[PDB]
Amino acid sequence: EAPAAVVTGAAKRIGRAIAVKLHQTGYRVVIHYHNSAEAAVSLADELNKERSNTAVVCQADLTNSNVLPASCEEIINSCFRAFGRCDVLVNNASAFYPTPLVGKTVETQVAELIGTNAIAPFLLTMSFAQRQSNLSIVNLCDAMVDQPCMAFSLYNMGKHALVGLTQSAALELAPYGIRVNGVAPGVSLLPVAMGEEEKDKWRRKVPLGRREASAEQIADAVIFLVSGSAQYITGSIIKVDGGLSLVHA
Amino acid sequence: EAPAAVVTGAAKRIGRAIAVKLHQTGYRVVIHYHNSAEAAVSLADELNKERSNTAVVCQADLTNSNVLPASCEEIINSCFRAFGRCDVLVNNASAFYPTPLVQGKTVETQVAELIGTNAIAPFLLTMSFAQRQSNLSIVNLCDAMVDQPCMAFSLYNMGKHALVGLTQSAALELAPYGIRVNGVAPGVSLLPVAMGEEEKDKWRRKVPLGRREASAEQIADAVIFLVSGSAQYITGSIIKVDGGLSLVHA
Amino acid sequence: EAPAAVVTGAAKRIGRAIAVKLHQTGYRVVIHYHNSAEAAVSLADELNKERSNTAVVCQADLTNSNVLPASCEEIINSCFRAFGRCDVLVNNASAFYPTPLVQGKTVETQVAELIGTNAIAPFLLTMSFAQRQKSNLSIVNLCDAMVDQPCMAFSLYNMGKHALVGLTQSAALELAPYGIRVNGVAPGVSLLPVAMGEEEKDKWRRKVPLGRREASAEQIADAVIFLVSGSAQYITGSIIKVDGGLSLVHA
Amino acid sequence: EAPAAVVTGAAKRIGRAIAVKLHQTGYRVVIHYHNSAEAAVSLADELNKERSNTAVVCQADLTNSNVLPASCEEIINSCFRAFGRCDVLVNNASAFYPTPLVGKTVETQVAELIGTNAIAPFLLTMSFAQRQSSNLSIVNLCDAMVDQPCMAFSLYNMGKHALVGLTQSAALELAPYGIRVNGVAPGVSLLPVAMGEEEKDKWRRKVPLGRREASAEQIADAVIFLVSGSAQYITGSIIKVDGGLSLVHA
Ligand SMILES: NC(=O)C1=CN([C@@H]2O[C@H](COP(=O)(O)OP(=O)(O)OC[C@H]3O[C@@H](n4cnc5c(N)ncnc54)[C@H](OP(=O)(O)O)[C@@H]3O)[C@@H](O)[C@H]2O)C=CC1
Ligand SMILES: NC(=O)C1=CN([C@@H]2O[C@H](COP(=O)(O)OP(=O)(O)OC[C@H]3O[C@@H](n4cnc5c(N)ncnc54)[C@H](OP(=O)(O)O)[C@@H]3O)[C@@H](O)[C@H]2O)C=CC1
Ligand SMILES: NC(=O)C1=CN([C@@H]2O[C@H](COP(=O)(O)OP(=O)(O)OC[C@H]3O[C@@H](n4cnc5c(N)ncnc54)[C@H](OP(=O)(O)O)[C@@H]3O)[C@@H](O)[C@H]2O)C=CC1
Ligand SMILES: NC(=O)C1=CN([C@@H]2O[C@H](COP(=O)(O)OP(=O)(O)OC[C@H]3O[C@@H](n4cnc5c(N)ncnc54)[C@H](OP(=O)(O)O)[C@@H]3O)[C@@H](O)[C@H]2O)C=CC1
Ligand SMILES: Nc1nc2ccc(C(=O)NCCc3ccc(Cl)cc3)cc2s1
Ligand SMILES: Nc1nc2ccc(C(=O)NCCc3ccc(Cl)cc3)cc2s1
Ligand SMILES: Nc1nc2ccc(C(=O)NCCc3ccc(Cl)cc3)cc2s1
Ligand SMILES: [Cl-]
């Protein structure tokens with residue numbers, strides 16, 4: 001049988017490119033989404049048109065709450081009910097917006113930024129391992145976590161927490177033969193609505209080609225980590241950032 | 001006028017050593033506690049006997065919830081109410097226990113306590129501290145071993161990693177206000193109460209420098225340095241106080 | 001035509017595994033060696049019998065000296081002489097032995113070999129590779145996943161490997177405008193020392209979380225192959241640990 | 001009597017501040033110099049005038065050569081000769097200039113940038129340890145911007161990374177002998193003399209904490225901490241003193 005993968009936030013952008021590349025590689029895929037139902041379905045139909053019964057969707061909010069654990073359990077369950085197995089988990093979904101220290105409430109900001117970026121990955125990891133051959137987890141990290149954007153403390157805290165989870169889970173799941181790694185983009189798909197003049201400011205900062213990563217470039221690193229070529233690699237985070245993190249102020 | 005400091009979890013162990021040593025340096029202190037009522041009030045009496053009117057207690061649960069922000073605001077407010085100022089915040093309080101990935105508390109409670117005390121409360125206290133705002137600074141108690149974690153401590157480790165991120169992000173953001181933000185990262189220090197002595201020595205034997213744990217006073221010493229005039233250009237730094245433990249391979 | 005790669009210390013162990021895998025991916029290869037003449041020529045012979053005129057050898061001491069620059073220059077020239085191009089440089093050659101701080105070789109000689117092979121020669125080879133550029137160019141440095149938790153009494157080796165991290169970052173930054181990527185691969189425990197006894201080997205094996213075994217040479221080569229491939233076209237200044245989780249294990 | 005310290009490149013700038021501060025703390029000191037004999041003696045004069053026979057000078061080139069070992073033995077020797085003991089080694093001396101990948105020969109650049117910055121610390125460390133209750137420690141002057149290097153400064157960067165490696169390996173290896181080994185990592189301090197005045201402001205404005213460079217004395221403060229009894233459990237730690245500069249993205 002073909003292996004199966006869960007990709008969170010898979011409807012658009014980087015998660016979309018990861019789901020596609022996984023599918024092309026021979027995986028059956030669960031496309032998780034929160035709001036982008038139409039995008040998620042059309043991806044699934046396209047993939048199912050390539051190969052019948054190889055893609056399903058799964059809706060869930062990943063914000064931190066007393067139901068998040070149940071939600072994460074269900075995401076993993078959906079892979080097993082659809083495909084009879086779950087070989088790969090890709091923690092891709094992410095909230096990202098500034099939270100200055102000095103119109104959502106603070107507790108909502110915490111729930112959203114820490115929930116999506118750290119806690120949901122942790123709950124998904126627990127459910128993935130408990131329901132368990134090349135098993136692996138890939139967490140989407142951030143190459144700029146030690147040189148953060150001003151006034152993004154909660155986001156940055158969530159991405160640091162994810163690094164800790166990657167390391168902690170790699171150590172703890174290694175006896176079960178589940179590898180746990182990360183991919184850390186620098187600047188990738190810029191917001192659609194961000195002005196070209198602003199996009200160019202970011203672009204210019206990147207040493208390797210003065211451009212942002214495509215979603216496919218990020219996906220390429222994910223494909224490597226889940227592949228047979230990375231069978232000894234666990235607890236590693238590969239930056240895919242064109243040297244951006246090497247550039248001083 | 002004497003400056004004032006908030007120390008979280010200051011009733012016992014390292015937080016107490018920190019509050020004691022700030023006091024001895026000239027600070028008025030808010031001793032925050034959750035459960036350790038007796039010990040809290042006892043320390044404040046000791047300090048107040050030494051110099052009257054220089055110590056208060058403040059009770060608060062630092063578990064994440066929709067009212068954690070109000071509790072954090074309150075801890076800071078208590079310092080202004082007692083002393084008219086708040087110059088130093090020490091984020092010391094911490095929950096610490098295993099949370100295995102593969103199987104009495106629900107997971108949602110484990111998340112609330114470990115991520116709340118170790119990371120979210122620090123963030124909220126930082127926000128409140130900065131909003132109410134001389135040599136201002138915050139010191140976060142981090143963990144020297146965060147990249148070589150204890151097995152089955154994923155949520156604790158995640159909390160401490162988040163605290164590093166907070167240390168860096170708040171140092172950057174609060175620098176224009178003249179608030180410095182730094183960390184102190186113990187290795188093995190005061191060893192948990194429910195621990196055997198064969199097991200204590202096991203851990204002691206791993207430490208290159210003197211084959212022993214840090215005293216609480218040794219941790220406090222680094223806190224004292226970071227808040228002092230000798231650290232005025234230091235921000236976003238984490239000082240490991242680990243006796244070389246983090247350098248030892250498996 | 002087929003791209004060409006230089007692999008340093010490629011006669012045996014991990015360098016051979018890298019040269020072989022680059023060859024199987026369709027590269028022409030320079031097999032650099034120092035003392036291992038028989039093993040180097042034998043590997044080129046194997047590779048040549050597989051596709052002719054696709055492998056040469058190149059002898060050079062990579063100890064630091066006033067002639068180390070010329071020697072590194074000549075290694076790169078060997079690739080242009082044999083193949084007309086040089087697309088990939090793998091800095092694999094490495095000296096490895098204790099240098100205790102509280103104490104056959106003089107200390108001068110220790111510094112020359114451990115800092116020379118592990119750091120200075122990579123720098124000089126990087127310079128020569130970049131200067132000779134007259135496509136998908138990259139350099140891969142063989143680093144060490146355990147550089148922040150070092151073996152007792154290996155200060156000079158550790159200093160060299162840390163310098164190599166510094167090179168990887170500095171060269172990635174400086175060479176990116178020229179389209180040359182520079183990355184590292186950091187093994188934990190892989191092929192154990194020839195001179196090591198089995199009992200000692202198993203002590204090391206038992207520390208690895210993922211499988212309680214060392215990395216195969218092939219598993220190291222796999223990451224090298226990833227970094228030079230078009231699947232890594234936006235990756236520069238990254239060091240990929242291939243350590244089975246060993247660097248995560250506390251004392 | 002009183003403890004003794006060796007500070008390398010202590011004639012000027014950061015090394016002088018370190019020497020002066022150690023002296024004020026009550027150390028007797030060896031002021032190492034290569035070129036700056038006048039400055040070295042002038043500083044010795046100022047310190048002996050303060051406390052009689054508490055400062056001596058020592059000449060040595062710290063370029064890498066067949067004689068560096070002998071030179072490093074001498075520096076440590078002169079401390080034992082003058083003062084009968086050697087409690088502290090500060091590896092401060094350092095060369096700094098670009099070495100583009102695409103004047104001096106390369107091997108001179110290597111000898112200076114790797115030699116002075118990394119090899120001489122390693123040899124001084126050996127001699128210091130060989131010639132050994134006490135509070136013995138070594139402090140290495142590192143660089144906070146090591147992971148975000150200046151364009152075309154590869155050899156310099158290699159040397160400072162090697163210095164981190166030495167700090168770690170020596171902390172591990174000497175911990176059994178009660179010798180601590182730590183680092184202090186400045187960001188932008190006293191800028192190069194030849195550097196334009198407009199170019200200097202460019203850098204000052206990047207620093208989060210106060211849009212200014214560290215004074216030499218601020219660097220020295222961190223050294224003082226690390227050698228003090230307040231850091232007796234600290235080894236293998238590197239303290240950044242950079243005013244947050246290393247946290248700022250491109
Ligand atoms: N793009 C870049 O330059 C960089 C990206 N990264 C990391 O890469 C990963 C992918 O990046 P990118 O594609 O740009 O991400 P986006 O910001 O586009 O978000 C991806 C998806 O996350 C989902 N998501 C957001 N909030 C929630 C929530 N509360 N519950 C559930 N799902 C939620 C959304 O699903 P839906 O649309 O269905 O609601 C969204 O489509 C992320 O983890 C990100 O942090 C890191 C560095 C830079
Ligand atoms: N001890 C060591 O070896 C090491 C410690 N550290 C770090 O150093 C710091 C101090 O260590 P240590 O003294 O051992 O800490 P403790 O484990 O003794 O805990 C400190 C205090 O935190 C408080 N706390 C726990 N949960 C809560 C909560 N929900 N709400 C409010 N307060 C709470 C408790 O207050 P109360 O008693 O009033 O209930 C407790 O006494 C911690 O942040 C720790 O992570 C780092 C690594 C090594
Ligand atoms: N093996 C492991 O477990 C680990 C390996 N690594 C790194 O991976 C890489 C490959 O490891 P491995 O295959 O074990 O390496 P080896 O120790 O087997 O050395 C590889 C080659 O280095 C060459 N070499 C040594 N000294 C010199 C010199 N003075 N001049 C020129 N060449 C020299 C030798 O060539 P010749 O035989 O022709 O003389 C030798 O075959 C190295 O960079 C190493 O540090 C990192 C951590 C763990
Ligand atoms: N300046 C800054 O802002 C920064 C400082 N640093 C580090 O801080 C430390 C002190 O910096 P700073 O005061 O600017 O250093 P300098 O560049 O001014 O050099 C300090 C001293 O080193 C000595 N020295 C240089 N080359 C040699 C050599 N070949 N042999 C012997 N001695 C030599 C000189 O002594 P003499 O005059 O007697 O010839 C010189 O005065 C260094 O380790 C540096 O790398 C790192 C980051 C930035
Ligand atoms: N889920 C997401 N996580 C991240 C993390 C980083 C970035 C990113 O780098 N975006 C472009 C750079 C940037 C930085 C700051 C702002 Cl205000 C806008 C854009 C974008 C995203 S989207
Ligand atoms: N609030 C606290 N945070 C920490 C962090 C680390 C340690 C520690 O390292 N303790 C000694 C090692 C250890 C680990 C787990 C247990 Cl159950 C006992 C001892 C102890 C504590 S207490
Ligand atoms: N050129 C080489 N560089 C390295 C770097 C590290 C290792 C390694 O970690 N080997 C296994 C551990 C080990 C410990 C002590 C010794 Cl005497 C040998 C091997 C082995 C090698 S071989
Ligand atoms: Cl030369």
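Cut-off values and rules
- Residues numbered from 1 in each chain as written, not as in the entry; some residues may be left out.
- Chains lettered and ligands numbered in written order.
- Heavy atoms only, no water.
- Residues with missing side-chain atoms left out of burial classes, pairs and counts.
- Helix = DSSP H or I, 4+ residues; strand = E, 2+ residues; numbered from the N terminus.
- Rg over C-alpha atoms; globule rule 2.2 N^0.38 Å.
- Salt bridge = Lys/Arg side-chain N within 4 Å of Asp/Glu carboxyl O.
- Buried < 20%, exposed > 50% of the residue type's maximum accessible area, 1.4 Å probe, protein only.
- Contact = heavy atoms within 4.5 Å.
- Buried area = accessible area lost by both parts, 1.4 Å probe.
- Polar contact = N/O pair within 3.5 Å; in protein donor to acceptor, adjacent residues only side chain to side chain.
- Nonpolar A, V, L, I, M, F, W, Y, C, P; charged D, E, K, R; others polar.
- UniProt positions renumbered as here; feature names shortened; annotations may be inferred.
- Near = heavy atom within 4 Å.
- Areas by Shrake-Rupley, 256 points an atom, 1.4 Å probe, with all protein chains shown as cover.
- Axes fitted to C-alpha atoms, helices over the stretch in contact; angles between N-to-C directions.
- Parallel < 35°, antiparallel > 145°, perpendicular 65-115°, else oblique.
- Pairing = 2+ DSSP bridges.
- Right-handed = clockwise from strand over helix to strand, strands pointing away.
- Core = buried A, V, L, I, M, F, W, Y, C linked by side-chain atoms within 4.5 Å.
- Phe/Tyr/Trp six-rings, centres within 6.5 Å; stacked < 30°, edge-to-face > 60°.
- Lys NZ or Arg CZ within 6 Å of the ring centre and 35° of its normal.
- Expected span 1.5 Å × (residues − 1).

Assigned secondary structure in chain D consists of 8 helices and 7 strands. Here chain D has a C-alpha radius of gyration of 17 Å; the compact-globule value for 250 residues is 18 Å, and the two agree. In terms of its C-alpha atoms, chain D occupies a principal-axis envelope of roughly 50 × 40 × 40 Å.

Let's shift gears to the overall build of chain B. Within chain B one finds 7 helices and 7 strands. Put simply, chain B runs from its N terminus to its C terminus through helices and strands in the order β-α-β-α-β-α-β-α-β-α-β-α-α-β. Against the compact-globule benchmark of 18 Å for 250 residues, chain B has a radius of gyration of 17 Å, which places it among compact chains. Viewed in the frame of its principal axes, chain B has a C-alpha envelope of about 50 × 40 × 40 Å.

Per the stated rule, a full pass over the model turns up 35 salt bridges over all chains. A salt bridge links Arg204 of chain B to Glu213 of chain B; the nearest nitrogen and oxygen atoms lie 2.7 Å apart. For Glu213 of chain B, a relative accessible area of 19% corresponds to the buried category. Among the ionic contacts, a cluster of salt bridges with common partners joins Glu196, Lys199, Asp200, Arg203 and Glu212 of chain A.

Listed by partner, the interface residues are 12 residues for chain A and 12 residues for chain D. Summed over both partners, the interface of chain A with chain D comes to about 1100 Å²; 63% of that surface belongs to carbon and sulfur atoms. Per-residue buried area on chain A facing chain D is highest for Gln147, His248 and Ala249 of chain A; these three make up 56% of the total on that side. Across the contact surface, chain A and chain D share 0 salt bridges. At the surface where chain A touches chain D, the tally comes to 2 residue pairs in polar contact.

This part covers the interface of chain A and chain B. Between chain A and chain B, the contact holds 41 residues from the first and 42 residues from the second. Breaking the side of chain A that touches chain B down by element, the ones donating at least two residues are helix 4 (106–130) and helix 5 (153–173) of chain A. Tallied by class, residues from the side of chain A that touches chain B come to 28 nonpolar, 10 polar and 3 charged.

This part covers the UniProt feature "binding site: substrate" (unreviewed entry) in chain B. Residues and elements named next belong to chain B. In this structure's numbering, the residues bearing the UniProt feature "binding site: substrate" (unreviewed entry) are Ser137. The residue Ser137 is located in strand 5 (residues 136–141) in this model. Judged by relative accessible area, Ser137 falls into the buried class, the value being 0%. Dropping the residues within four chain positions of it, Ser137 is found in contact with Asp87, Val88, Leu89, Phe129, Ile179, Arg180, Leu226 and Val227.

Residues and elements named next belong to chain B. If you check the shell around ligand 2, you find 26 residues, and the closest are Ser36, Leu62, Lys160, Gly187 and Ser189. Between ligand 2 and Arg13 there is a distance of 2.8 Å, counted from an oxygen atom to a side-chain nitrogen or oxygen. For ligand 2, an oxygen atom lies 2.7 Å from a polar atom in the side chain of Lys160. Relative to its free-state accessible area of 900 Å², ligand 2 is covered by the protein chains to the extent of 85%. Elements with a minimum of two residues in the shell around ligand 2: helix 1 (13–24), strand 2 (28–33) and helix 5 (154–174).

Its location among the elements puts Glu173 of chain B in helix 5. Leaving out residues up to four positions away in the same chain, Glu173 of chain B has contacts with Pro100, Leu101, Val102, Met150 and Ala151 of chain A.

Attention shifts here to the packing of helix 1 (residues 13–25) of chain A against helix 2 (residues 37–50) of chain A. All names here are of chain A. It is at 11 Å that the axes of helix 1 and helix 2 come closest, and there the two elements cross at 10 degrees. Classed by the angle they form, the pair helix 1 and helix 2 counts as roughly parallel. Mapping the contact onto sequence places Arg16, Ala19, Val20 and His23 in helix 1 and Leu43, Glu46, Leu47 and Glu50 in helix 2. Tallied by class, residues from the contact of helix 1 with helix 2 come to 4 nonpolar, 1 polar and 3 charged.

What follows deals with the sheet that holds strand 1 (residues 4–7) of chain B. Whether parallel or antiparallel, the strands of a sheet pair through hydrogen bonds between backbone atoms. Residue and element names in this part refer to chain B. Spatially, the 7 strands line up as an open sheet ordered 3-2-1-4-5-6-7, and their pairing is parallel. Each edge of the open sheet is held by one strand with a lone partner, namely strand 3 (55–59) and strand 7 (238–241). Taking the axes of each pair of neighbouring strands and ignoring which way they run, one obtains an average angle of 20 degrees across the sheet. As paired elements, strand 1 and strand 2 share 4 bridges and run parallel to each other. Following the sheet pairing, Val6 is matched in strand 2 by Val30. The strands touched by helix 1 are strand 1, strand 2, strand 4 (88–91) and strand 5; relative to strand 1, the strand with the most contacts, the crossing angle is about 175 degrees. Along the sheet, helix 4 (residues 107–132) makes contact with strand 4, strand 5 and strand 6 (179–186), crossing strand 4 at roughly 175 degrees.

Residues and elements named next belong to chain B. Counting buried residues along strand 6, 8 of its 8 residues qualify, which places the element largely inside the surrounding structure. Covered by surrounding structure in strand 6 are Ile179, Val181, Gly183 and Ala185 together with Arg180, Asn182, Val184 and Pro186, the residues of both alternating faces. Where the polypeptide runs from strand 5 across helix 5 and back to strand 6, its parallel neighbour, the crossover connection is right-handed. Pairing geometry for strand 6 and strand 7, over 4 bridges, is parallel. The residue bridging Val184 from the neighbouring strand is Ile239, located in strand 7.

A few words on the nonpolar core. In summary, soluble globular proteins display a tendency toward joint burial of nonpolar side chains. Within the largest apolar cluster, 104 residues are counted, with the highest numbers of intra-cluster contacts made by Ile114 and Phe122 of chain A together with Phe123 of chain B. Once residues within four sequence positions are removed from consideration, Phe122 of chain A is found in contact with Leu165 of chain A together with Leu101, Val107, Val111, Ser154, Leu155 and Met158 of chain B.

So, on to the site of ligand 5. Residues and elements named next belong to chain A. Near ligand 5 the following residues occur: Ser94, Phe96, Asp142, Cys149, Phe152, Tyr155, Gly186, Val187, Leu190, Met194 and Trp202. Separating a nitrogen atom of ligand 5 from a side-chain N or O atom of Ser94 is a distance of 3.1 Å. In the model, a nitrogen atom of ligand 5 is placed 3.4 Å from a nitrogen or oxygen of the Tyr155 side chain. Starting from 520 Å² of accessible surface for ligand 5 in isolation, the protein chains cover 71%. For the shell around ligand 5, the class distribution of residues is 8 nonpolar, 2 polar and 1 charged.

Per the counting criterion, the structure on display carries 11 aromatic pairs over all chains. Centre to centre, the rings of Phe153 of chain D and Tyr156 of chain D are 6.5 Å apart; their planes meet at 85 degrees, and the pair counts as edge-to-face. Among the residues examined, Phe153 of chain D registers a relative accessible area of 15% and is labelled buried. Judged by its relative accessible area of 9%, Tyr156 of chain D is buried. Counting every residue linked through ring pairs, the aromatic cluster contains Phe96, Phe152 and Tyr155 of chain A. Cation over ring: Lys205 of chain A sits above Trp202 of chain A, and NZ or CZ is 5.2 Å from the ring centre. The aromatic ring of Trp204 of chain C is capped on one face by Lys207 of chain C, whose charged end is 5.3 Å from the ring centroid.

This part takes up helix 3 (residues 68–83) of chain C. End to end, helix 3 of chain C covers 23 Å across 16 residues, agreeing with the expected 22 Å (1.5 Å per residue, within 8%). Burial in helix 3 of chain C covers these residues: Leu68, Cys72, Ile75, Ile76, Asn77, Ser78, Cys79, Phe80 and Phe83 of chain C. In this structure, the buried residues of helix 3 of chain C make contact with strand 1 (4–7), strand 2 (28–33), strand 3 (55–59) and helix 4 (107–131) of chain C together with helix 4 (106–113) of chain D. Within two residues after helix 3 of chain C, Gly84 of chain C carries a phi angle of roughly 90 degrees, on the positive side.

All names here are of chain A. Read across the sheet, 7 strands follow the order 3-2-1-4-5-6-7 without closing on themselves; strand pairing throughout is parallel. Each having just a single partner strand, strand 3 (55–59) and strand 7 (237–240) make up the two edges of the open sheet. Direction aside, the axes of adjacent strands within the sheet are offset by 15 degrees on average. Pairing of strand 2 (residues 28–33) with strand 3, which is carried by 5 bridges, proceeds in the parallel orientation. When the bridges of strand 3 are listed, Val30 appears paired with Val56. Helix 7 (residues 215–226) contacts strand 4 (88–91), strand 5 (135–140), strand 6 (178–185) and strand 7 of the sheet and is inclined by roughly 165 degrees relative to strand 6.

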